[PDB]
$ cat final18.cif   # mmCIF, N, CA and C atoms
data_work
#
loop_
_atom_site.label_atom_id
_atom_site.label_comp_id
_atom_site.auth_asym_id
_atom_site.auth_seq_id
_atom_site.Cartn_x
_atom_site.Cartn_y
_atom_site.Cartn_z
N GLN X 1 -10.74 -38.23 13.02
CA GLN X 1 -11.72 -37.47 12.29
C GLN X 1 -11.26 -36.03 12.23
N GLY X 2 -10.28 -35.69 13.10
CA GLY X 2 -9.70 -34.37 13.28
C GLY X 2 -8.20 -34.45 13.36
N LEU X 3 -7.56 -34.91 12.26
CA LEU X 3 -6.11 -35.03 12.13
C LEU X 3 -5.61 -34.00 11.13
N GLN X 4 -5.94 -34.17 9.83
CA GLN X 4 -5.54 -33.28 8.76
C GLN X 4 -6.74 -33.13 7.83
N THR X 5 -7.97 -33.03 8.40
CA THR X 5 -9.28 -32.94 7.73
C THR X 5 -9.61 -31.63 6.99
N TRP X 6 -8.56 -30.93 6.48
CA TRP X 6 -8.62 -29.68 5.75
C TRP X 6 -8.31 -29.97 4.30
N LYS X 7 -7.02 -29.81 3.90
CA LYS X 7 -6.38 -30.06 2.61
C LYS X 7 -7.01 -29.33 1.41
N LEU X 8 -8.02 -29.97 0.75
CA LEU X 8 -8.88 -29.42 -0.29
C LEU X 8 -9.93 -28.43 0.25
N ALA X 9 -10.33 -28.54 1.56
CA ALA X 9 -11.26 -27.63 2.23
C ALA X 9 -10.70 -26.22 2.46
N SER X 10 -9.40 -26.13 2.84
CA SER X 10 -8.60 -24.92 3.03
C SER X 10 -8.48 -24.05 1.77
N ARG X 11 -8.17 -24.68 0.63
CA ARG X 11 -8.08 -24.09 -0.70
C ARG X 11 -9.45 -23.71 -1.32
N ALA X 12 -10.48 -24.56 -1.05
CA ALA X 12 -11.91 -24.27 -1.22
C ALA X 12 -12.43 -23.02 -0.43
N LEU X 13 -11.75 -22.58 0.70
CA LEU X 13 -11.95 -21.26 1.35
C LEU X 13 -11.55 -20.09 0.45
N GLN X 14 -10.57 -20.28 -0.47
CA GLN X 14 -10.18 -19.34 -1.52
C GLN X 14 -11.28 -19.24 -2.57
N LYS X 15 -11.95 -20.38 -2.88
CA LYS X 15 -13.23 -20.39 -3.65
C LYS X 15 -14.44 -19.69 -2.97
N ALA X 16 -14.59 -19.80 -1.62
CA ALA X 16 -15.58 -19.13 -0.77
C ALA X 16 -15.28 -17.64 -0.62
N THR X 17 -13.95 -17.31 -0.61
CA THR X 17 -13.37 -15.96 -0.62
C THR X 17 -13.58 -15.28 -1.96
N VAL X 18 -13.45 -16.07 -3.08
CA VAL X 18 -13.84 -15.69 -4.45
C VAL X 18 -15.37 -15.52 -4.56
N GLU X 19 -16.18 -16.27 -3.77
CA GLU X 19 -17.63 -16.05 -3.65
C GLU X 19 -18.05 -14.75 -2.94
N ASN X 20 -17.33 -14.25 -1.89
CA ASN X 20 -17.52 -12.86 -1.40
C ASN X 20 -17.02 -11.78 -2.40
N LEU X 21 -15.89 -12.04 -3.14
CA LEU X 21 -15.43 -11.18 -4.24
C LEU X 21 -16.42 -11.08 -5.42
N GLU X 22 -17.08 -12.20 -5.83
CA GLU X 22 -18.13 -12.22 -6.85
C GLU X 22 -19.48 -11.73 -6.33
N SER X 23 -19.77 -11.87 -4.99
CA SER X 23 -21.02 -11.38 -4.39
C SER X 23 -21.00 -9.89 -4.09
N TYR X 24 -19.80 -9.27 -3.98
CA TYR X 24 -19.65 -7.86 -3.66
C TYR X 24 -19.67 -6.97 -4.91
N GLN X 25 -20.91 -6.49 -5.21
CA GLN X 25 -21.34 -5.59 -6.28
C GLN X 25 -20.59 -4.26 -6.45
N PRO X 26 -20.17 -3.48 -5.43
CA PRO X 26 -19.28 -2.33 -5.57
C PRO X 26 -17.85 -2.65 -6.05
N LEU X 27 -17.31 -3.91 -5.96
CA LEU X 27 -15.92 -4.21 -6.35
C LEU X 27 -15.71 -4.35 -7.87
N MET X 28 -16.63 -5.07 -8.56
CA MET X 28 -16.79 -5.34 -10.00
C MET X 28 -16.95 -4.11 -10.92
N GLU X 29 -17.45 -2.98 -10.35
CA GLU X 29 -17.56 -1.67 -10.99
C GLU X 29 -16.23 -0.90 -10.91
N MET X 30 -15.37 -1.29 -9.92
CA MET X 30 -14.03 -0.79 -9.65
C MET X 30 -12.92 -1.60 -10.35
N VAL X 31 -13.10 -2.93 -10.58
CA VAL X 31 -12.17 -3.82 -11.32
C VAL X 31 -12.96 -4.46 -12.44
N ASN X 32 -12.34 -4.77 -13.59
CA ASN X 32 -13.00 -5.57 -14.63
C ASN X 32 -12.52 -7.03 -14.53
N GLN X 33 -11.51 -7.19 -13.67
CA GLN X 33 -10.54 -8.24 -13.58
C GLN X 33 -10.36 -9.03 -12.34
N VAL X 34 -11.42 -9.47 -11.58
CA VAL X 34 -11.17 -10.32 -10.40
C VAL X 34 -11.11 -11.76 -10.93
N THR X 35 -9.85 -12.23 -10.92
CA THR X 35 -9.42 -13.49 -11.48
C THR X 35 -8.46 -14.17 -10.53
N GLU X 36 -8.39 -15.53 -10.60
CA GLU X 36 -7.55 -16.35 -9.73
C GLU X 36 -6.16 -16.64 -10.31
N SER X 37 -5.49 -15.59 -10.84
CA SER X 37 -4.16 -15.56 -11.47
C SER X 37 -4.21 -15.16 -12.93
N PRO X 38 -4.88 -15.78 -13.93
CA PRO X 38 -4.77 -15.36 -15.34
C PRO X 38 -5.48 -14.03 -15.66
N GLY X 39 -4.81 -13.15 -16.44
CA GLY X 39 -5.29 -11.83 -16.82
C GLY X 39 -4.43 -10.78 -16.17
N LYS X 40 -3.08 -10.95 -16.24
CA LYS X 40 -2.05 -10.08 -15.68
C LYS X 40 -1.73 -8.89 -16.60
N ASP X 41 -2.06 -9.06 -17.90
CA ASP X 41 -1.90 -8.15 -19.02
C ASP X 41 -3.23 -7.52 -19.42
N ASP X 42 -4.27 -7.60 -18.54
CA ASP X 42 -5.61 -7.05 -18.77
C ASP X 42 -5.73 -5.63 -18.21
N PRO X 43 -6.73 -4.78 -18.59
CA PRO X 43 -6.75 -3.34 -18.30
C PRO X 43 -6.84 -2.91 -16.84
N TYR X 44 -6.20 -1.76 -16.53
CA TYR X 44 -6.05 -1.12 -15.23
C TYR X 44 -7.24 -0.21 -14.92
N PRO X 45 -7.85 -0.14 -13.70
CA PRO X 45 -7.56 -0.88 -12.45
C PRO X 45 -8.05 -2.35 -12.48
N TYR X 46 -7.36 -3.32 -11.79
CA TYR X 46 -7.70 -4.76 -11.84
C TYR X 46 -6.96 -5.68 -10.79
N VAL X 47 -7.40 -6.99 -10.55
CA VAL X 47 -6.77 -7.85 -9.50
C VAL X 47 -6.54 -9.32 -9.84
N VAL X 48 -5.32 -9.83 -9.50
CA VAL X 48 -4.98 -11.25 -9.57
C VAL X 48 -4.71 -11.81 -8.16
N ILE X 49 -5.18 -13.06 -7.89
CA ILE X 49 -4.99 -13.82 -6.65
C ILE X 49 -3.80 -14.78 -6.79
N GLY X 50 -2.95 -14.91 -5.74
CA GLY X 50 -1.82 -15.85 -5.67
C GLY X 50 -1.01 -15.79 -4.38
N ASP X 51 0.33 -15.57 -4.52
CA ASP X 51 1.33 -15.46 -3.45
C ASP X 51 2.39 -14.44 -3.87
N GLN X 52 3.19 -13.91 -2.90
CA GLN X 52 4.24 -12.92 -3.13
C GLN X 52 5.63 -13.54 -2.91
N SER X 53 6.61 -13.22 -3.81
CA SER X 53 8.03 -13.64 -3.80
C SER X 53 8.27 -15.16 -3.87
N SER X 54 9.28 -15.65 -3.10
CA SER X 54 9.63 -17.06 -2.92
C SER X 54 9.04 -17.56 -1.60
N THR X 55 7.72 -17.30 -1.36
CA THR X 55 6.92 -17.72 -0.19
C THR X 55 6.70 -19.24 -0.15
N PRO X 56 6.05 -19.97 -1.10
CA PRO X 56 6.05 -21.44 -1.11
C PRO X 56 7.36 -21.98 -1.75
N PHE X 57 8.24 -22.67 -0.97
CA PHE X 57 9.52 -23.21 -1.41
C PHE X 57 9.56 -24.69 -1.06
N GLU X 58 9.76 -25.59 -2.07
CA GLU X 58 9.81 -27.06 -2.00
C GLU X 58 8.44 -27.74 -1.84
N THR X 59 7.57 -27.15 -1.00
CA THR X 59 6.18 -27.49 -0.73
C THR X 59 5.42 -26.18 -0.79
N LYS X 60 4.09 -26.25 -0.98
CA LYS X 60 3.19 -25.10 -1.02
C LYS X 60 2.28 -25.09 0.20
N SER X 61 2.71 -25.79 1.29
CA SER X 61 1.98 -26.00 2.54
C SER X 61 2.44 -25.11 3.70
N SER X 62 1.63 -24.08 4.08
CA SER X 62 1.78 -23.09 5.17
C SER X 62 1.87 -23.60 6.63
N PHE X 63 2.85 -24.50 6.90
CA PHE X 63 3.22 -25.11 8.17
C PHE X 63 2.43 -26.38 8.47
N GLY X 64 1.14 -26.26 8.84
CA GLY X 64 0.29 -27.39 9.18
C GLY X 64 -1.14 -26.95 9.26
N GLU X 65 -1.52 -26.28 10.38
CA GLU X 65 -2.84 -25.74 10.70
C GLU X 65 -2.99 -24.29 10.23
N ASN X 66 -3.08 -24.07 8.90
CA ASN X 66 -3.22 -22.77 8.29
C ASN X 66 -3.67 -22.91 6.85
N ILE X 67 -4.42 -21.88 6.37
CA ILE X 67 -4.99 -21.64 5.06
C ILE X 67 -4.40 -20.27 4.68
N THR X 68 -3.83 -20.05 3.47
CA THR X 68 -3.18 -18.78 3.10
C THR X 68 -3.69 -18.33 1.75
N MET X 69 -4.02 -17.02 1.58
CA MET X 69 -4.48 -16.44 0.33
C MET X 69 -3.98 -15.01 0.20
N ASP X 70 -3.31 -14.69 -0.94
CA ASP X 70 -2.84 -13.34 -1.24
C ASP X 70 -3.56 -12.85 -2.49
N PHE X 71 -3.73 -11.51 -2.55
CA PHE X 71 -4.39 -10.73 -3.59
C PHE X 71 -3.41 -9.64 -3.98
N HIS X 72 -3.20 -9.40 -5.30
CA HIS X 72 -2.31 -8.38 -5.85
C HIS X 72 -3.12 -7.56 -6.80
N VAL X 73 -3.22 -6.24 -6.49
CA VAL X 73 -4.10 -5.31 -7.14
C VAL X 73 -3.27 -4.19 -7.74
N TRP X 74 -3.48 -3.89 -9.05
CA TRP X 74 -2.82 -2.73 -9.64
C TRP X 74 -3.91 -1.83 -10.18
N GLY X 75 -4.14 -0.69 -9.46
CA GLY X 75 -5.08 0.38 -9.80
C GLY X 75 -4.41 1.36 -10.71
N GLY X 76 -3.22 1.85 -10.25
CA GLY X 76 -2.31 2.75 -10.97
C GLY X 76 -2.68 4.20 -10.98
N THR X 77 -3.18 4.76 -9.84
CA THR X 77 -3.54 6.18 -9.73
C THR X 77 -2.87 6.82 -8.52
N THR X 78 -3.69 7.34 -7.57
CA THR X 78 -3.29 8.13 -6.40
C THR X 78 -3.77 7.48 -5.11
N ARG X 79 -3.24 8.01 -3.97
CA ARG X 79 -3.24 7.51 -2.58
C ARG X 79 -4.56 7.08 -1.95
N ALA X 80 -5.67 7.79 -2.28
CA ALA X 80 -7.05 7.52 -1.89
C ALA X 80 -7.65 6.25 -2.50
N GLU X 81 -7.29 5.92 -3.78
CA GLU X 81 -7.72 4.74 -4.53
C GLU X 81 -7.11 3.44 -4.01
N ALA X 82 -5.85 3.47 -3.49
CA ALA X 82 -5.13 2.34 -2.87
C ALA X 82 -5.77 1.85 -1.57
N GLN X 83 -6.35 2.79 -0.77
CA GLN X 83 -7.14 2.51 0.43
C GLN X 83 -8.56 2.03 0.10
N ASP X 84 -9.16 2.56 -1.02
CA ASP X 84 -10.43 2.12 -1.61
C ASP X 84 -10.35 0.71 -2.20
N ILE X 85 -9.30 0.32 -2.99
CA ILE X 85 -9.09 -1.07 -3.47
C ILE X 85 -8.79 -2.09 -2.34
N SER X 86 -7.92 -1.71 -1.34
CA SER X 86 -7.58 -2.50 -0.15
C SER X 86 -8.74 -2.64 0.85
N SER X 87 -9.50 -1.54 1.16
CA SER X 87 -10.72 -1.57 1.97
C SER X 87 -11.88 -2.29 1.29
N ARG X 88 -12.05 -2.19 -0.07
CA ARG X 88 -13.05 -2.93 -0.85
C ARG X 88 -12.78 -4.44 -0.88
N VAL X 89 -11.50 -4.91 -1.06
CA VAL X 89 -11.13 -6.34 -0.95
C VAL X 89 -11.32 -6.93 0.47
N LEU X 90 -10.93 -6.23 1.59
CA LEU X 90 -11.18 -6.68 2.99
C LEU X 90 -12.66 -6.58 3.40
N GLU X 91 -13.38 -5.51 2.92
CA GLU X 91 -14.83 -5.30 3.05
C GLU X 91 -15.63 -6.40 2.37
N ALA X 92 -15.13 -6.96 1.22
CA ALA X 92 -15.68 -8.20 0.62
C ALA X 92 -15.41 -9.44 1.52
N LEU X 93 -14.11 -9.62 1.92
CA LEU X 93 -13.54 -10.68 2.78
C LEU X 93 -14.24 -10.98 4.12
N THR X 94 -14.88 -9.95 4.73
CA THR X 94 -15.78 -10.08 5.88
C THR X 94 -17.20 -9.61 5.55
N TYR X 95 -17.56 -9.32 4.26
CA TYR X 95 -18.92 -8.93 3.79
C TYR X 95 -19.80 -10.15 3.87
N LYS X 96 -19.29 -11.27 3.29
CA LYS X 96 -20.01 -12.53 3.49
C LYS X 96 -19.04 -13.41 4.29
N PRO X 97 -19.32 -13.96 5.52
CA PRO X 97 -18.34 -14.69 6.35
C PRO X 97 -17.77 -15.96 5.72
N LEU X 98 -16.49 -16.31 6.03
CA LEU X 98 -15.81 -17.42 5.37
C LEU X 98 -16.10 -18.80 5.93
N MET X 99 -16.87 -19.56 5.13
CA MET X 99 -17.27 -20.90 5.37
C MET X 99 -17.27 -21.56 4.01
N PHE X 100 -17.06 -22.88 4.06
CA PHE X 100 -17.03 -23.89 3.02
C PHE X 100 -17.90 -24.99 3.65
N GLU X 101 -18.68 -25.75 2.85
CA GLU X 101 -19.70 -26.77 3.11
C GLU X 101 -19.33 -27.89 4.09
N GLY X 102 -19.39 -27.53 5.39
CA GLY X 102 -19.02 -28.32 6.55
C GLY X 102 -17.73 -27.87 7.18
N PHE X 103 -17.00 -26.90 6.56
CA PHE X 103 -15.69 -26.44 7.04
C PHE X 103 -15.61 -24.93 7.34
N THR X 104 -15.19 -24.55 8.58
CA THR X 104 -15.00 -23.15 9.02
C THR X 104 -13.53 -22.89 9.33
N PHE X 105 -13.05 -21.65 9.01
CA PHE X 105 -11.70 -21.09 9.18
C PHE X 105 -11.94 -19.61 9.43
N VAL X 106 -11.12 -18.98 10.31
CA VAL X 106 -11.22 -17.58 10.73
C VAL X 106 -10.00 -16.84 10.26
N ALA X 107 -10.14 -15.56 9.76
CA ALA X 107 -9.04 -14.73 9.27
C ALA X 107 -8.33 -14.08 10.46
N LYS X 108 -7.09 -14.58 10.70
CA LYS X 108 -6.28 -14.30 11.87
C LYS X 108 -4.84 -14.18 11.41
N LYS X 109 -4.38 -12.92 11.22
CA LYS X 109 -3.07 -12.58 10.69
C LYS X 109 -2.77 -11.13 11.10
N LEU X 110 -1.49 -10.69 11.02
CA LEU X 110 -1.01 -9.35 11.30
C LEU X 110 -0.11 -8.93 10.14
N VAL X 111 -0.51 -7.88 9.38
CA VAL X 111 0.14 -7.37 8.18
C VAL X 111 -0.12 -5.87 8.12
N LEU X 112 0.53 -5.16 7.15
CA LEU X 112 0.32 -3.75 6.88
C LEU X 112 0.72 -3.51 5.44
N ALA X 113 0.01 -2.61 4.73
CA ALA X 113 0.32 -2.16 3.39
C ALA X 113 0.16 -0.66 3.52
N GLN X 114 1.21 0.12 3.20
CA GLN X 114 1.26 1.56 3.38
C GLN X 114 0.98 2.28 2.07
N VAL X 115 0.15 3.35 2.12
CA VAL X 115 -0.20 4.20 0.99
C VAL X 115 0.65 5.47 1.07
N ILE X 116 1.49 5.74 0.04
CA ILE X 116 2.43 6.87 0.01
C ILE X 116 2.50 7.49 -1.38
N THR X 117 2.92 8.78 -1.43
CA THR X 117 3.12 9.60 -2.62
C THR X 117 4.58 9.98 -2.59
N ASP X 118 5.38 9.67 -3.65
CA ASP X 118 6.81 9.97 -3.69
C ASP X 118 7.13 10.94 -4.81
N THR X 119 8.15 11.80 -4.57
CA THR X 119 8.75 12.86 -5.39
C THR X 119 9.40 12.40 -6.69
N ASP X 120 9.74 11.09 -6.76
CA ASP X 120 10.31 10.36 -7.88
C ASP X 120 9.24 9.84 -8.86
N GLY X 121 7.92 9.84 -8.49
CA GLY X 121 6.84 9.46 -9.42
C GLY X 121 6.47 7.99 -9.51
N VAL X 122 6.27 7.31 -8.35
CA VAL X 122 5.88 5.90 -8.24
C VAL X 122 4.37 5.66 -8.41
N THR X 123 3.98 4.47 -8.96
CA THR X 123 2.62 3.95 -9.13
C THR X 123 2.04 3.50 -7.79
N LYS X 124 0.70 3.57 -7.65
CA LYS X 124 -0.04 3.06 -6.51
C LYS X 124 -0.58 1.67 -6.79
N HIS X 125 -0.04 0.72 -6.00
CA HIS X 125 -0.27 -0.71 -6.02
C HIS X 125 -0.60 -1.14 -4.60
N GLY X 126 -1.45 -2.20 -4.48
CA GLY X 126 -1.84 -2.78 -3.20
C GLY X 126 -1.46 -4.23 -3.22
N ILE X 127 -0.66 -4.70 -2.23
CA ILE X 127 -0.25 -6.10 -2.08
C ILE X 127 -0.88 -6.49 -0.76
N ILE X 128 -1.79 -7.49 -0.78
CA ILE X 128 -2.59 -7.92 0.37
C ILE X 128 -2.26 -9.36 0.63
N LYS X 129 -1.88 -9.71 1.89
CA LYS X 129 -1.53 -11.06 2.28
C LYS X 129 -2.44 -11.42 3.43
N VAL X 130 -3.27 -12.48 3.29
CA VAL X 130 -4.22 -12.89 4.32
C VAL X 130 -3.96 -14.34 4.64
N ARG X 131 -4.08 -14.69 5.94
CA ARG X 131 -3.96 -16.01 6.48
C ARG X 131 -5.14 -16.19 7.41
N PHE X 132 -5.70 -17.41 7.35
CA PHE X 132 -6.87 -17.86 8.05
C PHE X 132 -6.36 -19.06 8.79
N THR X 133 -6.80 -19.22 10.05
CA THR X 133 -6.28 -20.23 10.95
C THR X 133 -7.40 -21.12 11.43
N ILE X 134 -7.14 -22.46 11.47
CA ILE X 134 -7.98 -23.50 12.05
C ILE X 134 -7.20 -23.83 13.30
N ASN X 135 -7.80 -23.56 14.47
CA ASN X 135 -7.22 -23.68 15.80
C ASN X 135 -8.41 -23.61 16.74
N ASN X 136 -9.20 -22.50 16.63
CA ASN X 136 -10.46 -22.29 17.33
C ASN X 136 -11.41 -21.76 16.26
N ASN X 137 -11.74 -22.62 15.27
CA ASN X 137 -12.61 -22.36 14.14
C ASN X 137 -14.06 -22.77 14.40
N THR X 138 -14.76 -21.92 15.19
CA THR X 138 -16.13 -22.05 15.66
C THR X 138 -17.21 -21.97 14.58
N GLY X 139 -17.63 -23.14 14.05
CA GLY X 139 -18.67 -23.26 13.04
C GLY X 139 -18.73 -24.69 12.61
#

$ encode --input "final18.cif" --output "structure tokens"
Amino acid sequence: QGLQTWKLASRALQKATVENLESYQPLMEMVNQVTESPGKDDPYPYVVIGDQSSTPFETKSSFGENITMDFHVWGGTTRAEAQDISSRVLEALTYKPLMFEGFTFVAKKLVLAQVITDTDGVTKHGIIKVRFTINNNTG
């Protein structure tokens, strides 16, 4: 009953994560574009959900006991807005706690995204990588 009882439930946490993104009223006034991949050519500031680089290779399965979700945000302004888009997406992510209908997973990962201003004239973008673990998933 507890072998690989996730599968569609783990990816449905991305739907529950999309439910904190749709339930969080301050984020929608900041983006016109919270979408699950389509709308990459839509107006700035805005966000698409997926993965970064050549992360899923041959299979799209994050080892065994893990659920993985990445968010890619292009605001395109200055240093304060990159912390506001990144803090607004994580503030949504724990605004309403992550549960799916009989299934619990906890956000347990170590990452960093740095906000910087360069002399060469670079854009401000936020790349967010989140992993949720079923190991001690109390719920």

$ closest_residue --input "final18.cif" --among "X:69, X:93, X:82, X:111" --to "residue X:11" --atoms "only C-alpha atoms"
X:69

$ atom_distance --input "final18.cif" --atom1 "atom CA of residue X:130" --atom2 "atom CA of residue X:36"
14.8 Å

$ residues_around --input "final18.cif" --residues "residue X:104" --least-positions-apart "2" --cutoff "7 Å" --atoms "only N, CA and C atoms" --output "PDB file with N, CA and C atoms, in the frame of the given file"
ATOM      1  N   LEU X  98     -16.490 -16.310   6.030  1.00  0.00           N
ATOM      2  CA  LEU X  98     -15.810 -17.420   5.370  1.00  0.00           C
ATOM      3  C   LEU X  98     -16.100 -18.800   5.930  1.00  0.00           C
ATOM      4  N   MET X  99     -16.870 -19.560   5.130  1.00  0.00           N
ATOM      5  CA  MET X  99     -17.270 -20.900   5.370  1.00  0.00           C
ATOM      6  C   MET X  99     -17.270 -21.560   4.010  1.00  0.00           C
ATOM      7  N   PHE X 100     -17.060 -22.880   4.060  1.00  0.00           N
ATOM      8  CA  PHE X 100     -17.030 -23.890   3.020  1.00  0.00           C
ATOM      9  C   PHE X 100     -17.900 -24.990   3.650  1.00  0.00           C
ATOM     10  N   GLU X 101     -18.680 -25.750   2.850  1.00  0.00           N
ATOM     11  CA  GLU X 101     -19.700 -26.770   3.110  1.00  0.00           C
ATOM     12  C   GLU X 101     -19.330 -27.890   4.090  1.00  0.00           C
ATOM     13  N   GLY X 102     -19.390 -27.530   5.390  1.00  0.00           N
ATOM     14  CA  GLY X 102     -19.020 -28.320   6.550  1.00  0.00           C
ATOM     15  C   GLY X 102     -17.730 -27.870   7.180  1.00  0.00           C
ATOM     16  N   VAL X 106     -11.120 -18.980  10.310  1.00  0.00           N
ATOM     17  CA  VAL X 106     -11.220 -17.580  10.730  1.00  0.00           C
ATOM     18  C   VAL X 106     -10.000 -16.840  10.260  1.00  0.00           C
ATOM     19  N   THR X 133      -6.800 -19.220  10.050  1.00  0.00           N
ATOM     20  CA  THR X 133      -6.280 -20.230  10.950  1.00  0.00           C
ATOM     21  C   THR X 133      -7.400 -21.120  11.430  1.00  0.00           C
ATOM     22  N   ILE X 134      -7.140 -22.460  11.470  1.00  0.00           N
ATOM     23  CA  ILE X 134      -7.980 -23.500  12.050  1.00  0.00           C
ATOM     24  C   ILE X 134      -7.200 -23.830  13.300  1.00  0.00           C
ATOM     25  N   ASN X 137     -11.740 -22.620  15.270  1.00  0.00           N
ATOM     26  CA  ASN X 137     -12.610 -22.360  14.140  1.00  0.00           C
ATOM     27  C   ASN X 137     -14.060 -22.770  14.400  1.00  0.00           C
ATOM     28  N   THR X 138     -14.760 -21.920  15.190  1.00  0.00           N
ATOM     29  CA  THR X 138     -16.130 -22.050  15.660  1.00  0.00           C
ATOM     30  C   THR X 138     -17.210 -21.970  14.580  1.00  0.00           C
ATOM     31  N   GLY X 139     -17.630 -23.140  14.050  1.00  0.00           N
ATOM     32  CA  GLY X 139     -18.670 -23.260  13.040  1.00  0.00           C
ATOM     33  C   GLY X 139     -18.730 -24.690  12.610  1.00  0.00           C
TER      34      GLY X 139
END

$ closest_residue --input "final18.cif" --among "X:8, X:135, X:53, X:88" --to "residue X:26" --atoms "all atoms listed in the file"
X:88

$ closest_residue --input "final18.cif" --among "X:27, X:77, X:54, X:14" --to "residue X:122" --atoms "all atoms listed in the file"
X:77

$ closest_residue --input "final18.cif" --among "X:16, X:3, X:112, X:30" --to "residue X:85" --atoms "only N, CA and C atoms"
X:30
